[PDB]
Structure formats: structure tokens, C-alpha cells
Amino acid sequence: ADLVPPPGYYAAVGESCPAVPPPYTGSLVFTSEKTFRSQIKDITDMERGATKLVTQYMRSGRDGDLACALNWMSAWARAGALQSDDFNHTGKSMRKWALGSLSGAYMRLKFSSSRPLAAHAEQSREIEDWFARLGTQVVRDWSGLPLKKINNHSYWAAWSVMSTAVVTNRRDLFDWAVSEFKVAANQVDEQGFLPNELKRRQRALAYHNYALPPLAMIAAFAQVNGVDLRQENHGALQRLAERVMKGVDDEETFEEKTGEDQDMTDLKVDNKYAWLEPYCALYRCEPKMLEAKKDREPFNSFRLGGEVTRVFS
């Protein structure tokens, strides 16, 4: 049967157009900060602008908004943007993040019970082929790695692929994302830690928290296509999630494991707990987990397709 997203992505619509950043067709050889931000400017201007044009069409229904979202994505699609075989770790990291954001947003157009795309067949097909080509490329980018190398980058890659899988109806890509999810569930030790993110020393809590959104989104998407991943490695996802919340409350447990006082800069912002939306859709959340969900809504996370609250509701 055809791959589907969670119920929320079938939401009805409602219920000019700036010039498109030059499509990035270059080699993806970037610097991992002011330099980095500048090298990836057209990619950043794309991922934010397209997502916000989708968001605003889904809210407003105005038919110019749709035209503009599809002109933006189909320009990049038609041009073969981010397809290069010349890449470094940072450029392949950028390919998958951009796939992640744009496919996550376009999902709402693709599956809305309004059928916005019924009028835009050609441009829609240009965009789905582009996402499938990028999805096939991401798979190559993060395959044949030993456990020592499999970390947050592989998890977010697996989400970008899953998002692509459902948009393009590609079971090959679905299956890859589920396997990657399985590897990641197995990385979760008896205590709910990921050894590789324990290497991040003072950032190990932040990086543990950064792993939950991709993994929870993959579990949410797998479940609506009949693949329940909630009990993987004795409920590893729930084990990792619980452990992350004990840590954000009480830092000490991570300081004890890493021997290091934890930087709480990336546990500050509300966007960074958006994983509570798909997680509490999957697991019976306790009042400490539902309260953190209640007070920070509604979540906007570009990297997950924008309005995450609206699609888990």
C-alpha cells in the first residue's frame, strides 16, 4: 500500500513572491562559523523561505502563496541543486538537512485534504523527483559506516529520508530509515545513554536531546504505515527520552557520566523540545512531559517542516 504521513498532514488549507535564491549546484565543500553561514547562505535562505511560504499557504489558503512555494522548490528541483558527488562531512550534512526541511514542508501540500497540488501536477512531479534523487543520495552519504561513526547526523539523515519516502512513495527509502532507527535504538545502553553522544563531553545532554526529534518523527511515521518501533531495544526511544528529561531537570547525571559540567545553551530554547509532539503521540506521556509540551506550544522547527504542533493535532 501507498506510504502515508501522520493524520495531521491531511489538514485542510485555511483550517507577491520574492526572487528565488540562486539554486546551489556547486560542490558541497563547506567550513564547519561566519564563513560557514556565508558559504551556505542561498541554502539557508531557501530552507527558511520555502518552509515559511508553505506554512503561510496552509494557514491562509491564498493561491499566490502556493504558486510561490512551488516556484521556489521547482527552481531548485529543475536546476539539480545539492546533487554534487564532491562533498565533505559538512556539505553532506547540509544536503540531508535541506532535504529534511523542504520535504517536511512539501508533505503538508502533498497530503492536505484540500489537494492544492491537483492544479500543479508538472511542478509537483519536478519536486518529488528532486526529493527522490536527494533521498537516494543521502542514503549513499551515511551507509557503510561502523557504529563508531553512527551519531546524530545519521539519525537526522534517516528522518530526511523517511520524510522523502512518504512524499515520493518510496518503500526502499522507508526501509532504510527504519533500519537506521533500529541501529540507533541499539546504541541506547541499559541507562538510556548513546555512547557516541557521551563523547560530546559538556554538550552530551544537548546532543542527546538533538537525537530525539529525528528518531521520534521516524517512530511516528513508521507507526502510521504499520511498523511499530516503540518497543525496539526494550523501548530505547522512551528510555533515551526519559533520561533526557531527568538531565534537563537535574544536570548531575550527565556530569557524573562525562565528568563535566553541561552547557545548557541548547536546552534553553523551546524549538529544541519539539520532539514532545510526535513522542506524546506515540507514548502515554506523564504530567511532567505533557506540561513541558503544554507551556512551549505551538512549536515551529524549520528542520522538521515548520508547524510541528499543527501536524500532531
# chains A, B, ... in the order shown; residues from 1 in each chain; ligands from 1
>>> residues_around(residues="residue 215 of chain A", least_positions_apart="4", cutoff="8 Å", atoms="only C-alpha atoms", output="list in words")
residues 155, 156, 159, 181, 211, 219 and 237 of chain A
>>> residues_around(residues="residue 117 of chain A", least_positions_apart="5", cutoff="12 Å", atoms="only C-alpha atoms", output="list in words")
residues 13, 63, 66, 67, 69, 70, 106, 107, 108, 109, 110, 111, 112, 122, 123, 124, 125, 127 and 128 of chain A
>>> residues_around(residues="segment 183-197 of chain A", least_positions_apart="2", cutoff="10 Å", atoms="only C-alpha atoms", output="JSON, numbers by chain")
{"A": [147, 148, 149, 150, 151, 152, 154, 155, 177, 178, 179, 180, 181, 199, 200, 201, 203, 204, 205, 206, 207, 208, 209, 210, 211, 215, 229, 230, 231, 232, 233, 234, 235, 236, 237, 238, 239, 240, 241, 242, 243, 244, 254, 257, 258]}
>>> write_last_selection(atoms="N, CA and C atoms", output="compact mmCIF listing (two decimals), in the first residue's frame")
# COMPACT_ATOMS: atom_id res chain seq x y z
N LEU A 147 29.64 1.47 13.75
CA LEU A 147 28.88 2.01 14.91
C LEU A 147 29.58 3.26 15.43
N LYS A 148 30.92 3.24 15.45
CA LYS A 148 31.79 4.31 16.00
C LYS A 148 31.41 5.66 15.36
N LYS A 149 30.95 5.64 14.10
CA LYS A 149 30.65 6.83 13.25
C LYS A 149 29.16 7.18 13.28
N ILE A 150 28.28 6.24 13.62
CA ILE A 150 26.80 6.42 13.55
C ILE A 150 26.36 7.26 14.77
N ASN A 151 25.89 8.47 14.51
CA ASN A 151 25.57 9.50 15.53
C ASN A 151 24.43 10.39 14.99
N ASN A 152 24.13 11.48 15.68
CA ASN A 152 23.01 12.40 15.34
C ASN A 152 22.87 12.63 13.82
N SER A 154 23.49 10.69 11.28
CA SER A 154 22.80 9.51 10.71
C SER A 154 21.33 9.55 11.09
N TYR A 155 20.97 10.00 12.29
CA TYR A 155 19.56 9.98 12.76
C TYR A 155 18.76 10.98 11.92
N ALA A 177 15.43 4.07 6.46
CA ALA A 177 15.15 4.92 7.63
C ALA A 177 14.78 4.06 8.85
N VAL A 178 14.04 2.98 8.65
CA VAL A 178 13.60 2.08 9.76
C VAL A 178 14.82 1.33 10.30
N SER A 179 15.67 0.78 9.43
CA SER A 179 16.94 0.10 9.80
C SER A 179 17.81 1.05 10.61
N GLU A 180 18.00 2.27 10.11
CA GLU A 180 18.82 3.32 10.77
C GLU A 180 18.26 3.60 12.15
N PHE A 181 16.93 3.71 12.24
CA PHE A 181 16.21 3.83 13.53
C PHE A 181 16.61 2.63 14.40
N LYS A 199 30.68 11.23 24.05
CA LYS A 199 31.97 11.81 23.58
C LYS A 199 31.87 13.34 23.48
N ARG A 200 30.67 13.93 23.40
CA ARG A 200 30.48 15.40 23.25
C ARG A 200 30.74 16.13 24.58
N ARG A 201 31.14 15.40 25.64
CA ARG A 201 31.66 15.97 26.92
C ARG A 201 30.64 16.97 27.52
N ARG A 203 28.64 19.01 26.07
CA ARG A 203 27.48 19.14 25.14
C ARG A 203 26.69 17.82 25.05
N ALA A 204 27.05 16.80 25.82
CA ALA A 204 26.48 15.43 25.70
C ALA A 204 24.96 15.41 25.96
N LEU A 205 24.44 16.25 26.85
CA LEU A 205 22.98 16.38 27.11
C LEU A 205 22.32 17.03 25.89
N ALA A 206 22.86 18.15 25.43
CA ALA A 206 22.36 18.88 24.24
C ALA A 206 22.26 17.89 23.08
N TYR A 207 23.35 17.16 22.82
CA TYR A 207 23.44 16.19 21.70
C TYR A 207 22.50 15.01 21.93
N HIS A 208 22.28 14.58 23.16
CA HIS A 208 21.30 13.50 23.46
C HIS A 208 19.91 14.02 23.09
N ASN A 209 19.63 15.27 23.43
CA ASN A 209 18.32 15.93 23.17
C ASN A 209 18.13 16.12 21.65
N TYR A 210 19.20 16.44 20.92
CA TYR A 210 19.24 16.66 19.44
C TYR A 210 18.89 15.35 18.70
N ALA A 211 19.04 14.19 19.34
CA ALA A 211 18.78 12.86 18.73
C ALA A 211 17.28 12.52 18.77
N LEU A 215 14.43 10.70 15.54
CA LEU A 215 14.04 9.33 15.97
C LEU A 215 12.54 9.29 16.30
N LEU A 229 7.79 0.83 16.23
CA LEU A 229 9.23 0.84 16.60
C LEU A 229 9.36 1.26 18.07
N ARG A 230 8.24 1.33 18.78
CA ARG A 230 8.21 1.84 20.17
C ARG A 230 8.90 0.87 21.14
N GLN A 231 8.98 -0.43 20.82
CA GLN A 231 9.49 -1.49 21.74
C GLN A 231 10.87 -1.97 21.29
N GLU A 232 11.53 -1.17 20.46
CA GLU A 232 12.84 -1.50 19.85
C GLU A 232 13.94 -1.35 20.90
N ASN A 233 14.72 -2.42 21.10
CA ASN A 233 15.80 -2.49 22.13
C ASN A 233 15.21 -2.19 23.52
N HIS A 234 14.10 -2.85 23.88
CA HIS A 234 13.32 -2.68 25.14
C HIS A 234 12.81 -1.24 25.30
N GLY A 235 12.23 -0.64 24.26
CA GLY A 235 11.67 0.73 24.33
C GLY A 235 12.77 1.77 24.48
N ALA A 236 13.82 1.64 23.68
CA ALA A 236 15.02 2.50 23.75
C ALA A 236 14.63 3.97 23.59
N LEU A 237 13.74 4.28 22.65
CA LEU A 237 13.34 5.69 22.37
C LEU A 237 12.81 6.32 23.67
N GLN A 238 11.88 5.63 24.34
CA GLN A 238 11.26 6.07 25.62
C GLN A 238 12.34 6.12 26.70
N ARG A 239 13.29 5.18 26.66
CA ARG A 239 14.39 5.12 27.65
C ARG A 239 15.30 6.35 27.47
N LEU A 240 15.69 6.65 26.23
CA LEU A 240 16.53 7.84 25.90
C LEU A 240 15.77 9.12 26.28
N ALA A 241 14.50 9.22 25.92
CA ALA A 241 13.64 10.41 26.14
C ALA A 241 13.52 10.73 27.64
N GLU A 242 13.23 9.72 28.46
CA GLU A 242 13.03 9.86 29.93
C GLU A 242 14.33 10.40 30.52
N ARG A 243 15.44 9.76 30.15
CA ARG A 243 16.82 10.09 30.58
C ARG A 243 17.16 11.54 30.23
N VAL A 244 16.74 12.00 29.05
CA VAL A 244 17.00 13.40 28.60
C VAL A 244 16.24 14.37 29.50
N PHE A 254 24.44 13.50 33.94
CA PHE A 254 25.30 13.61 32.73
C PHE A 254 26.70 14.04 33.14
N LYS A 257 28.44 11.04 34.30
CA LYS A 257 28.81 10.13 33.18
C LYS A 257 30.00 10.71 32.40
N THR A 258 30.00 12.02 32.11
CA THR A 258 31.01 12.70 31.26
C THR A 258 32.18 13.25 32.09
>>> residues_around(residues="residue 165 of chain A", least_positions_apart="6", cutoff="8 Å", atoms="only C-alpha atoms", output="VMD selection string")
chain A and resid 3 132 135 171 to 174
>>> closest_residue(among="A:308, A:134, A:292, A:77", to="residue 104 of chain A", atoms="only C-alpha atoms")
A:308
>>> residues_around(residues="residue 311 of chain A", least_positions_apart="3", cutoff="7 Å", atoms="only C-alpha atoms", output="short mmCIF file (atom, residue, chain, number, x, y, z; two decimals) with C-alpha atoms, in the first residue's frame")
data_model
loop_
_atom_site.label_atom_id
_atom_site.label_comp_id
_atom_site.auth_asym_id
_atom_site.auth_seq_id
_atom_site.Cartn_x
_atom_site.Cartn_y
_atom_site.Cartn_z
CA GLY A 8 -2.16 15.93 10.91
CA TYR A 9 -0.55 16.30 7.39
CA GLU A 307 4.37 23.82 12.29
CA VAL A 308 5.05 20.51 14.19
#
>>> closest_residue(among="A:18, A:287, A:214, A:226", to="residue 6 of chain A", atoms="only C-alpha atoms")
A:226
>>> select_by_dssp(residues="segment 136-257 of chain A", states="helix (DSSP H, G or I)", output="NGL selection string")
:A and (136-142 or 147-149 or 152-168 or 171-187 or 195-198 or 201-223 or 236-249 or 252-257)
>>> write_last_selection(atoms="C-alpha atoms", output="tab-separated table (two decimals), in the first residue's frame")
chain	number	residue	atom	x	y	z
A	136	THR	CA	18.86	8.25	-2.90
A	137	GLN	CA	21.98	10.45	-2.43
A	138	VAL	CA	21.56	10.85	1.39
A	139	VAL	CA	21.25	7.02	1.67
A	140	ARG	CA	24.68	6.67	-0.07
A	141	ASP	CA	26.12	9.52	2.12
A	142	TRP	CA	25.52	7.71	5.51
A	147	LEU	CA	28.88	2.01	14.91
A	148	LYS	CA	31.79	4.31	16.00
A	149	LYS	CA	30.65	6.83	13.25
A	152	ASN	CA	23.01	12.40	15.34
A	153	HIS	CA	23.96	13.05	11.63
A	154	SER	CA	22.80	9.51	10.71
A	155	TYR	CA	19.56	9.98	12.76
A	156	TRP	CA	18.61	13.32	11.04
A	157	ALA	CA	19.61	11.78	7.67
A	158	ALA	CA	17.21	8.87	8.39
A	159	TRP	CA	14.35	11.38	9.13
A	160	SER	CA	15.10	13.37	5.90
A	161	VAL	CA	14.94	10.03	4.02
A	162	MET	CA	11.68	8.94	5.82
A	163	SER	CA	10.06	12.33	5.00
A	164	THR	CA	11.21	11.79	1.34
A	165	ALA	CA	9.99	8.13	1.44
A	166	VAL	CA	6.42	9.22	2.22
A	167	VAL	CA	6.39	12.18	-0.22
A	168	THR	CA	7.73	10.05	-3.14
A	171	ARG	CA	9.47	1.81	0.18
A	172	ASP	CA	13.26	1.39	-0.40
A	173	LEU	CA	13.77	4.74	1.44
A	174	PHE	CA	11.22	3.94	4.18
A	175	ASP	CA	13.05	0.59	4.84
A	176	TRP	CA	16.47	2.37	5.09
A	177	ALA	CA	15.15	4.92	7.63
A	178	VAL	CA	13.60	2.08	9.76
A	179	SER	CA	16.94	0.10	9.80
A	180	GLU	CA	18.82	3.32	10.77
A	181	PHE	CA	16.21	3.83	13.53
A	182	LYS	CA	16.93	0.21	14.62
A	183	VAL	CA	20.73	0.82	14.76
A	184	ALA	CA	20.05	3.96	16.86
A	185	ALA	CA	17.70	2.06	19.25
A	186	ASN	CA	20.56	-0.49	19.75
A	187	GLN	CA	23.03	2.41	20.51
A	195	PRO	CA	27.99	6.32	23.92
A	196	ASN	CA	28.84	8.45	20.81
A	197	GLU	CA	26.95	11.50	22.23
A	198	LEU	CA	28.79	10.93	25.60
A	201	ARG	CA	31.66	15.97	26.92
A	202	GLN	CA	30.00	19.30	28.12
A	203	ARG	CA	27.48	19.14	25.14
A	204	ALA	CA	26.48	15.43	25.70
A	205	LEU	CA	22.98	16.38	27.11
A	206	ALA	CA	22.36	18.88	24.24
A	207	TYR	CA	23.44	16.19	21.70
A	208	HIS	CA	21.30	13.50	23.46
A	209	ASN	CA	18.32	15.93	23.17
A	210	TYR	CA	19.24	16.66	19.44
A	211	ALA	CA	18.78	12.86	18.73
A	212	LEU	CA	15.09	12.69	19.92
A	213	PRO	CA	13.37	14.73	17.15
A	214	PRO	CA	14.59	12.67	14.13
A	215	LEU	CA	14.04	9.33	15.97
A	216	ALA	CA	10.56	10.28	17.37
A	217	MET	CA	9.46	11.51	13.88
A	218	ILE	CA	10.66	8.21	12.32
A	219	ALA	CA	8.70	6.19	15.02
A	220	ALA	CA	5.57	8.38	14.35
A	221	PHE	CA	5.82	7.86	10.53
A	222	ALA	CA	6.65	4.11	10.79
A	223	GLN	CA	3.58	3.55	13.05
A	236	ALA	CA	15.02	2.50	23.75
A	237	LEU	CA	13.34	5.69	22.37
A	238	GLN	CA	11.26	6.07	25.62
A	239	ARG	CA	14.39	5.12	27.65
A	240	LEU	CA	16.53	7.84	25.90
A	241	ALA	CA	13.64	10.41	26.14
A	242	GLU	CA	13.03	9.86	29.93
A	243	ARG	CA	16.82	10.09	30.58
A	244	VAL	CA	17.00	13.40	28.60
A	245	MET	CA	14.18	14.95	30.71
A	246	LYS	CA	15.79	13.81	34.07
A	247	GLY	CA	19.01	15.53	32.77
A	248	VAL	CA	17.38	18.85	31.65
A	249	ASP	CA	15.81	18.94	35.17
A	252	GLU	CA	24.18	15.97	37.61
A	253	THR	CA	23.52	12.52	35.98
A	254	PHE	CA	25.30	13.61	32.73
A	255	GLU	CA	28.08	15.44	34.67
A	256	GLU	CA	28.53	12.06	36.53
A	257	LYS	CA	28.81	10.13	33.18
>>> closest_residue(among="A:39, A:265, A:313, A:225", to="residue 2 of chain A", atoms="only C-alpha atoms")
A:225
>>> closest_residue(among="A:281, A:304, A:289, A:75", to="residue 48 of chain A", atoms="only C-alpha atoms")
A:304
>>> residues_around(residues="residue 29 of chain A", least_positions_apart="3", cutoff="8 Å", atoms="only C-alpha atoms", output="number ranges by chain")
A: 86-88, 90-91
>>> closest_residue(among="A:49, A:64, A:144, A:26", to="residue 83 of chain A", atoms="only C-alpha atoms")
A:26
